[PDB]
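Peer 1:
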Amino acid sequence: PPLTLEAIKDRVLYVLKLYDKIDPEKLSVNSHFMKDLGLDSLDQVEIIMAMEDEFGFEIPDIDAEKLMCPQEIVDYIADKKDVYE
Amino acid sequence: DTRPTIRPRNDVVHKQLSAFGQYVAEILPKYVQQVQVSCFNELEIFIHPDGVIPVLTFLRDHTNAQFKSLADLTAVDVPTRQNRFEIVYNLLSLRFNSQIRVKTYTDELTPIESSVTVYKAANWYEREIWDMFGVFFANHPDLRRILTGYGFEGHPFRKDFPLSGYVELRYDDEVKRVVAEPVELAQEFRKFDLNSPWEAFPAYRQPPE
Amino acid sequence: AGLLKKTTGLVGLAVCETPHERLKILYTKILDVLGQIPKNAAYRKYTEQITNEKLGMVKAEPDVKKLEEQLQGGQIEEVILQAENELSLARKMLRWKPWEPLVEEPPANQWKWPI
Amino acid sequence: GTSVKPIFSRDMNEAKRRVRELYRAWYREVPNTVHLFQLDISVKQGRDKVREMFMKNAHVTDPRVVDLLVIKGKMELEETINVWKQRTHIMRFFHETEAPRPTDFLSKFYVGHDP
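Chains as they are written, first to last, in PDB author numbering: chain 1T, 4 to 88; chain 1C, 6 to 214; chain 1V, 1 to 115; chain 1W, 14 to 128.
(1) With a CB to CB cut of under 7 Å and the five nearest residues on each side skipped, what residues in its chain are close to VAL15 (chain 1T)?
(2) Taking only beta-carbon positions, decide if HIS67 (chain 1C) is within less than 7 Å of chain 1V.
(3) Sort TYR46 (chain 1V), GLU78 (chain 1V), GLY12 (chain 1V) and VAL11 (chain 1V) by Cα distance to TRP99 (chain 1V) and report the nearest one.
(4) Can you name, in chain order, every residue of its own chain whose Cβ lies under 6 Å from the Cβ of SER120 (chain 1W), other than the five neighbours on each side?
(5) Compare the Cα-Cα distances from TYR124 (chain 1C) to each of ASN15 (chain 1C), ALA76 (chain 1C) and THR109 (chain 1C) and report the closest residue.
(6) Just the Cα atoms here: how many angstroms apart are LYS35 (chain 1C) and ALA42 (chain 1V)?
(7) Which residues, taken in chain order from the segment 41–67 of chain 1T, show a beta carbon closer than 7 Å to some beta carbon of chain 1W?
(8) Three or more C-beta pairs under 8 Å: does that hold for the segment 100–110 of chain 1V against the segment 45–59 of chain 1W?
(9) May I ask you to verify whether the segment 91–107 of chain 1C touches the segment 61–72 of chain 1C, counting CB pairs closer than 8 Å and requiring at least 3?
(10) Rounded to whole angstroms, what's the CA-CA distance from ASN95 (chain 1C) to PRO44 (chain 1W)? Just pull it up for me.
(11) Please identify the residue among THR7 (chain 1C), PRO13 (chain 1C) and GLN211 (chain 1C) whose C-alpha is closest to the C-alpha of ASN109 (chain 1V).
(12) Using 7 Å as the limit for Cβ to Cβ distance, is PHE51 (chain 1C) near chain 1V?
(13) When the Cα of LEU4 (chain 1V) is compared with those of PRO106 (chain 1V), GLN70 (chain 1V) and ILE76 (chain 1V), which residue comes out closest?
(14) Applying the criterion that 16 or more other CB atoms from any shown protein chain within 10 Å of the CB defines a buried residue, is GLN38 (chain 1C) buried or exposed?
(15) Taking all protein chains shown into account, decide if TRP39 (chain 1W) is buried (16 or more other Cβ within 10 angstroms of its Cβ) or exposed.
(16) In the segment 142–207 of chain 1C, which residue ranges form an unbroken alpha helix (DSSP H) of at least 4 residues, counting only runs that do not cross its ends?
(17) Do you know how far the Cα of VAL78 (chain 1W) is from the Cα of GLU133 (chain 1C)?
(18) For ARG182 (chain 1C), tell me which candidate among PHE118 (chain 1W), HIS108 (chain 1W) and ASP24 (chain 1W) has the shortest Cα-Cα distance.
(19) Taking one C-beta from the segment 42–50 of chain 1C and one from the segment 13–22 of chain 1C each time, how about it: are there three or more such pairs within less than 8 Å?
(20) Within 7 Å (strictly less), CB to CB, does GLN211 (chain 1C) reach chain 1V?
(21) Report the residues of the segment 87–102 of chain 1V with a CB closer than 8 Å to any CB of chain 1C, ordered along the chain.
(22) Please confirm if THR111 (chain 1C) has its CB atom under 7 Å from at least one CB of chain 1W.
(23) Use the C-beta contact count for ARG91 (chain 1V): other C-beta atoms within 10 angstroms, 16 or more gives buried, fewer gives exposed.
(24) Identify whether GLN71 (chain 1C) lies in helix, strand or coil by the three-state DSSP scheme.
(25) Below 7 Å between beta carbons: does that hold for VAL58 (chain 1V) and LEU81 (chain 1V)?
(26) Using Cβ-Cβ distances below 8 Å, what residues of the segment 171–185 of chain 1C are close to chain 1W?
(27) Alpha carbon to alpha carbon, what distance is there between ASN85 (chain 1V) and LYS57 (chain 1W)?
(28) Between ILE32 (chain 1C) and chain 1V, is any beta-carbon pair separated by less than 7 Å?
(29) For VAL140 (chain 1C), list the residues DSSP reports as bridge partners.
(30) Could you tell me whether the segment 137–147 of chain 1C touches the segment 110–124 of chain 1W, where touching means 3 or more Cβ pairs closer than 8 Å?
(31) If we require 4 or more residues per run, which alpha helix (DSSP H) segments fall completely within the segment 25–78 of chain 1T?
(32) For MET37 (chain 1T), does the count of other Cβ atoms within 10 angstroms reach 16, so buried, or fall short, so exposed?
(33) Could you run through the segment 50–64 of chain 1V and flag, in chain order, every residue whose CB is less than 9 Å away from some CB of chain 1C?
(34) Which chain 1T residues are close to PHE107 (chain 1W), counting only those with a beta carbon under 8 Å from its beta carbon?
(35) For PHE25 (chain 1C), tell me which candidate among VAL40 (chain 1C), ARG14 (chain 1C), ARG65 (chain 1C) and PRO13 (chain 1C) has the shortest Cα-Cα distance.
(36) Given a cut-off of 7 Å, decide if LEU34 (chain 1V) and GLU53 (chain 1V) are closer than it, judged by their beta-carbon atoms.
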């Protein structure tokens with residue numbers, strides 16, 4: 004099962020599901036975490052620790068500052084896993 | 006003799022210690038601020054904090070100084086002064102047996118560099134200060150809490166800290182464990198009003214303003 | 001030295017069977033390091049004074065037992081130990097540079113101790 | 014006066030960084046301290062206590078203060094990780110035996126003289 008962009012798409016959405024605070028309906032691809040998705044300063048970090056455990060890797064900090072929208076999440080996992088389908 | 010009760014006065018040690026005080030003041034003018042020798046022949050050196058490592062090393066290493074023993078290390082909290090905490094280093098000489106004291110100042114937050122390297126005995130003493138006064142020490146090898154109980158708060162020797170603390174602990178069967186509770190004394194500490202309103206020693210009178 | 005002394009008496013250091021040349025070389029090295037130190041510094045004056053004195057006496061009297069006596073530093077082993085420490089001190093504060101004036105005055109009344 | 018010396022962090026951003034992986038460590042810790050210490054705490058109600066304690070000192074804005082809270086939490090982390098702390102001290106954060114304290118002025122008046 005080769006790694007794919009769509010696989011990371013669906014895995015990111017599915018693992019964003021488990022976070023209690025986020026309401027799934029207003030969750031979207033471009034749902035901004037600060038304003039649209041509405042997570043606080045720490046909750047952005049909160050789903051950062053929800054990322055690397057599920058995909059199975061390590062998350063540094065200087066990216067975890069930048070990684071806010073799920074698009075940034077998926078394409079950062081993409082070039083970290085050298086994802087090009 | 007005529008003075009059988011008054012302690013003997015040893016002026017020779019006083020003059021000799023004053024000479025060494027001028028010596029050490031001239032050697033390290035960068036950090037030394039004020040050196041003085043007490044009436045009972047005990048010299049104290051008031052240095053800037055940045056000289057915690059240099060001055061001590063000069064006192065630990067120099068041939069004509071030769072101090073390798075850290076008798077004790079202590080802080081003396083005094084809320085009045087701008088930097089409340091003052092740290093005292095007590096050194097004893099072996100080749101030139103004598104006791105010297107160097108004193109530095111720091112507030113709650115401004116860190117003071119940790120000796121440890123100059124005197125590996127300081128380590129535990131060092132921890133005590135951090136665990137007892139809040140004076141954090143820069144790059145100390147392990148500045149964990151040393152004396153007080155686990156998960157404690159504050160720094161008890163701070164003069165603002167109450168005598169009885171803030172929280173006791175006792176058995177609770179409802180949770181089947183020792184639990185921490187806010188203080189509720191069975192009898193309050195009576196604070197007696199000593200220090201009679203009449204001046205004791207005219208010599209040490211504070212100048213007016 | 002006749003029969004070399006077995007133990008100096010302090011377990012933290014052993015006996016130097018050829019102490020005179022050790023005194024010589026360490027003293028010369030620290031004199032060099034003080035030559036590095038600028039002239040105006042009082043440290044260079046005091047330490048050069050004591051060290052050139054010590055080198056004079058060690059090169060003058062070649063008996064080790066009398067060397068300790070006029071060296072007033074106990075056994076020669078702790079003397080070369082202290083000489084190494086003095087070298088280390090001079091080297092370490094070469095770049096500390098304490099000969100400069102005081103970094104700044106203490107803040108207002110920070111030393112008066114009637115409260 | 015205004016100029017001061019830092020502990021580690023230069024600006025709010027880097028201290029903001031330090032609290033980040035402090036919360037990282039607390040998150041990765043809570044489940045296996047629940048497991049190891051035989052806690053009666055649950056995993057979620059373990060994490061939210063960490064979150065509420067981190068939010069407790071929300072008002073702090075001085076950098077040096079932030080380094081102080083982060084290093085004290087660091088000491089807390091060491092105390093917890095290698096089992097130096099004990100189960101009772103871990104429960105100490107959760108106020109079980111402490112009776113609920115009223116908040117409204119009317120209840121304060123009913124109970125006794127206290128602001």
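C-beta: ideal position from N, C-alpha, C; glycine also.
Peer 2: Taking the structure as given:
(1) Indexing the first sequence from 1 puts residue 15 (chain 1T) at position 12. Same-chain partners within the cutoff: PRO73, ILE76 and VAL77.
(2) On the second sequence, residue 67 (chain 1C) is found 62 positions in, with the first residue counted as 1. Output row for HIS67 (chain 1C): interface = yes.
(3) Taking the third sequence and counting its residues from 1, the one referred to as residue 99 (chain 1V) is at position 99. Nearest C-alpha to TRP99 (chain 1V): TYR46 (chain 1V).
(4) In the fourth sequence, residue 120 (chain 1W) corresponds to position 107, counting from 1. Within the same chain, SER120 (chain 1W) has no close Cβ partners at all.
(5) The residue given as residue 124 (chain 1C) occupies position 119 in the second sequence. Minimum Cα distance to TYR124 (chain 1C) is reached at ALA76 (chain 1C).
(6) One-based indexing of the second sequence puts residue 35 (chain 1C) at position 30. One-based indexing of the third sequence puts residue 42 (chain 1V) at position 42. C-alpha separation (whole angstroms): 12 Å.
(7) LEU45, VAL48, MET52 and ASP64
(8) In short, these stretches do not touch, since the Cβ pair count stays below three.
(9) yes
(10) As a first step, residue 95 (chain 1C) is located in the second sequence; it is residue number 90 there, counting from the start. As a first step, residue 44 (chain 1W) is located in the fourth sequence; it is residue number 31 there, counting from the start. Approximately 47 Å, taken between the alpha carbons.
(11) The sequence position of residue 109 (chain 1V) within the third sequence is 109, counting from 1. Comparing Cα-Cα distances from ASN109 (chain 1V) to each of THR7 (chain 1C), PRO13 (chain 1C) and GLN211 (chain 1C), the minimum goes to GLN211 (chain 1C).
(12) Your numbering for residue 51 (chain 1C) matches position 46 in the second sequence. True, the Cβ-Cβ gap to chain 1V drops below 7 Å.
(13) Translated into the one-based positions of the third sequence, residue 4 (chain 1V) becomes position 4. Residue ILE76 (chain 1V) is the option with its Cα nearest to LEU4 (chain 1V).
(14) Taking the second sequence and counting its residues from 1, one reaches residue 38 (chain 1C) at position 33. Per the 10 Å Cβ criterion, buried.
(15) If you number the fourth sequence from 1, residue 39 (chain 1W) lands on position 26. With 16 or more other Cβ atoms within 10 Å, it is buried.
(16) none
(17) Taking the first residue of the second sequence as 1, we reach residue 133 (chain 1C) at position 128. Taking the first residue of the fourth sequence as 1, we reach residue 78 (chain 1W) at position 65. Answer to the nearest angstrom: the Cα atoms are 20 Å apart.
(18) Residue 182 (chain 1C) sits at position 177 when you count from the first residue of the second sequence. The option with the nearest alpha carbon to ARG182 (chain 1C) is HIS108 (chain 1W).
(19) These segments touch.
(20) As a working note, residue 211 (chain 1C) is residue 206 in the second sequence. Yes, contact with chain 1V.
(21) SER88, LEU89, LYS92, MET93, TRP96, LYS97, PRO98, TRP99, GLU100, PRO101 and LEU102
(22) What you label residue 111 (chain 1C) is simply residue 106 of the second sequence in a count that begins at 1. No, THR111 (chain 1C) does not count as interfacial toward chain 1W.
(23) Residue numbering aside, residue 91 (chain 1V) sits at position 91 when the third sequence is read from its first letter. So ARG91 (chain 1V) ends up on the exposed side.
(24) Translated into the one-based positions of the second sequence, residue 71 (chain 1C) becomes position 66. Coil.
(25) Along the third sequence, read from residue 1 onward, the residue named residue 58 (chain 1V) stands at position 58. Along the third sequence, read from residue 1 onward, the residue named residue 81 (chain 1V) stands at position 81. No, they are not a contact pair.
(26) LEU174, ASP177, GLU179, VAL180, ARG182, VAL183, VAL184 and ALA185
(27) Walking along the fourth sequence from the start, residue 57 (chain 1W) turns up at place 44. Walking along the third sequence from the start, residue 85 (chain 1V) turns up at place 85. So the alpha carbons of these two residues sit roughly 58 Å apart.
(28) Working through the second sequence from its first residue, we reach residue 32 (chain 1C) at position 27. Yes, because at least one Cβ of chain 1V sits closer than 7 Å to the Cβ of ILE32 (chain 1C).
(29) As a first step, residue 140 (chain 1C) must be located in the second sequence, where it is residue number 135. Among the bridge pairs identified by DSSP, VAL140 (chain 1C) is matched with none.
(30) Because the criterion of three Cβ pairs below 8 Å is not met, the segment 137–147 of chain 1C and the segment 110–124 of chain 1W do not touch.
(31) 44–58 and 64–69
(32) Position 34 of the first sequence, counting from 1, holds the residue named residue 37 (chain 1T). Exposed, by the Cβ-count rule.
(33) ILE50, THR51 and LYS54
(34) The count along the fourth sequence starts at 1 and reaches residue 107 (chain 1W) at position 94. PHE107 (chain 1W) does not reach chain 1T, its nearest Cβ partner there being about 20 Å away, counting only Cβ pairs nearer than 8 Å.
(35) Numbered from 1 along the second sequence, position 20 holds the residue referred to as residue 25 (chain 1C). Selected option, being the one with the closest Cα: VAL40 (chain 1C).
(36) Counting from one through the third sequence, the residue named residue 53 (chain 1V) turns up at place 53. Counting from one through the third sequence, the residue named residue 34 (chain 1V) turns up at place 34. No, Cβ-Cβ distance for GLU53 (chain 1V) and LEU34 (chain 1V) is not below 7 Å.
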